[PDB]
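*Asks:*
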Amino acid sequence: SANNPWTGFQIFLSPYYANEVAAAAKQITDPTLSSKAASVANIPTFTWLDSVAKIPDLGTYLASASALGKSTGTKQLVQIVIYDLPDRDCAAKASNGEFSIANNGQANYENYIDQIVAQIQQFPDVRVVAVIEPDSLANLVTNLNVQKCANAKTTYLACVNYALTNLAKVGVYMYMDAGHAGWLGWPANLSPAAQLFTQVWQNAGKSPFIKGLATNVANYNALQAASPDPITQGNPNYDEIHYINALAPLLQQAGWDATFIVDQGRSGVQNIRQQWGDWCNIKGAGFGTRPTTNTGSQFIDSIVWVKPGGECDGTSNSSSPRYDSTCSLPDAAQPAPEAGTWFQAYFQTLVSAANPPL
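Position in the sequence shown (first residue = 1) + 81 = full-length UniProt numbering.
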């Protein structure tokens, strides 16, 4: 539409990802490859607020961004992921989320949002873009037969509503997570997805800050595939552009001029999965198209790097209480450490296999 949140702003580069990348690059022994790895610290990524413990760092990023903008004569933009629902990741086998429905989860979640809002409010010269709750509402389209999801449905809706309503009060531009082409882009899932997201948009007052949807977060699909990946058989929407161009008009018919952002951080290498359901540390992934508003689609505000490549998706150690057997499949890089922790060998392949090259 008219207002692309990124235009006119410089993105604040994550200091954390920068530190992870610098440490990683020092261990890469080929000098050229090390140089290209180090340059990844200059590529903007999203900061995941996956626990309350991340909020102090958010405040520092906002303050640092404010100062950097004043020094350079720029307006700065901080990119965050809201990722702390109670009973998080209801259809996964395992979850790291700190809150549970049964232990005051949604009061705890609303406190988490309030702490984030209180930080954002202090730095009104800094713009914030938030992805709202990966791996949440998409479950309410396809996974209500999963009892943890059925029992979490009202909490997921209430908590996402609280996040939208309260982050809008401090002017945050928001994209709700909407899975990917192989989740919600199946033709038959489009209408129930549109109905759900529209409901949610109407429940939070149609705020103009609720810009649309984020897709492919932490996944590996192409934005525009040269040929369909064999895992996509049966689904005409074999890449994110097909998904978005099929879903967006449904949202528009309700009067929501929804726009989209698409993760491409681990999309440089296609045709690397045995099945579309395989999501954990997919082996041979490469860094994909770097973030840009030059998306080549009417519906897409930006290509983004939401999941920071190199941070693990989940452990392959079946003795962990957080084990997920997805992470031991033939297409999952192994052995793999706990989710979120650095996976050095995986990062070096992301660098080596980047497409376009670094």
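Built from N, CA and C at the ideal position, the CB exists for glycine as well.
For the region 251–335, which segments carrying the alpha helix (DSSP H) assignment without a break, of at least 4 residues, lie completely within its bounds, in sequence order?
*Replies:* Whole alpha helix (DSSP H) segments, 4+ residues: 268–284 and 321–333.
*Asks:* Are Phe368 and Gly293 touching if we call contact CB-CB under 8 Å?
*Replies:* Against the sequence shown, residue 368 aligns to sequence position 287. Against the sequence shown, residue 293 aligns to sequence position 212. No, Cβ-Cβ distance for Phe368 and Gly293 is not below 8 Å.
*Asks:* Any idea what DSSP makes of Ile197, helix, strand or coil?
*Replies:* Your numbering for residue 197 matches position 116 in the sequence shown. Three-state result, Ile197: helix.
*Asks:* Is it true that the region 392–410 meets the region 163–178, where meeting means three or more beta-carbon pairs spaced less than 8 Å apart?
*Replies:* They touch, by the three-pair rule.
*Asks:* Just how far apart, CA to CA, sit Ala211 and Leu248?
*Replies:* Translated into positions along the sequence shown, residue 211 becomes position 130. Translated into positions along the sequence shown, residue 248 becomes position 167. Whole-angstrom Cα-Cα distance: 9 Å.
*Asks:* Kindly indicate which three-state DSSP category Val385 falls into: helix, strand or coil?
*Replies:* Here residue 385 corresponds to residue number 304 of the sequence shown, with the count starting at 1. DSSP places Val385 in strand when its eight states are reduced to three.
*Asks:* Pull up the distance between the alpha-carbon of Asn123 and that of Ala105, whole angstroms please.
*Replies:* For the purposes of this step, residue 123 is taken as the residue at position 42 of the sequence shown. For the purposes of this step, residue 105 is taken as the residue at position 24 of the sequence shown. Taking the straight line from one Cα to the other gives about 14 Å.
*Asks:* Under a three-way DSSP split, which group does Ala435 fall into?
*Replies:* As a working note, residue 435 is residue 354 in the sequence shown. In this structure, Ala435 counts as coil in the three-state DSSP scheme.
*Asks:* Take every Cβ of the region 378–386, pair it with every Cβ of the region 354–362, and state whether three or more of those distances are shorter than 8 Å.
*Replies:* Segments in contact, no.
*Asks:* Rounded to whole angstroms, how far is the Cβ of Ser95 from the Cβ of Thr128, which I believe are closer than 8 Å?
*Replies:* As a working mapping, residue 95 is identified with position 14 in the sequence shown. As a working mapping, residue 128 is identified with position 47 in the sequence shown. That pair is a contact at about 6 Å.
*Asks:* Can you tell me which residues form a DSSP beta bridge with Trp423?
*Replies:* The residue given as residue 423 occupies position 342 in the sequence shown. Per DSSP, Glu392.
*Asks:* According to DSSP, is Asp138 helix, strand or coil?
*Replies:* If you number the sequence shown from 1, residue 138 lands on position 57. Helix at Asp138.
*Asks:* Do you know whose CA, among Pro309, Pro125 and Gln280, lies nearest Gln91's CA?
*Replies:* If you number the sequence shown from 1, residue 91 lands on position 10. The shortest C-alpha separation from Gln91 is found at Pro125.
*Asks:* Is DSSP giving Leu221 helix, strand or coil here?
*Replies:* Taking the first residue of the sequence shown as position 1, residue 221 is located at position 140. Residue state, collapsed to three classes: helix.
*Asks:* Just the C-alpha distance for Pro268 and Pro317, rounded to the nearest angstrom, thanks.
*Replies:* For this step, residue 268 is matched to residue 187 along the sequence shown. For this step, residue 317 is matched to residue 236 along the sequence shown. Their backbone Cα atoms lie some 8 Å apart in a straight line.
*Asks:* Under DSSP, the beta strand (DSSP E) around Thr128 begins and ends at which residues?
*Replies:* Indexing the sequence shown from 1 puts residue 128 at position 47. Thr128 to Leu130 is the extent of the beta strand (DSSP E) around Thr128.
*Asks:* What distance in whole Å lies between the Cβ atoms of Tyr256 and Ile213, which are believed to be in contact at a cut-off of 8 Å?
*Replies:* Position 132 of the sequence shown, counted from the start, is the residue given in the question as residue 213. Position 175 of the sequence shown, counted from the start, is the residue given in the question as residue 256. That pair is a contact at about 7 Å.
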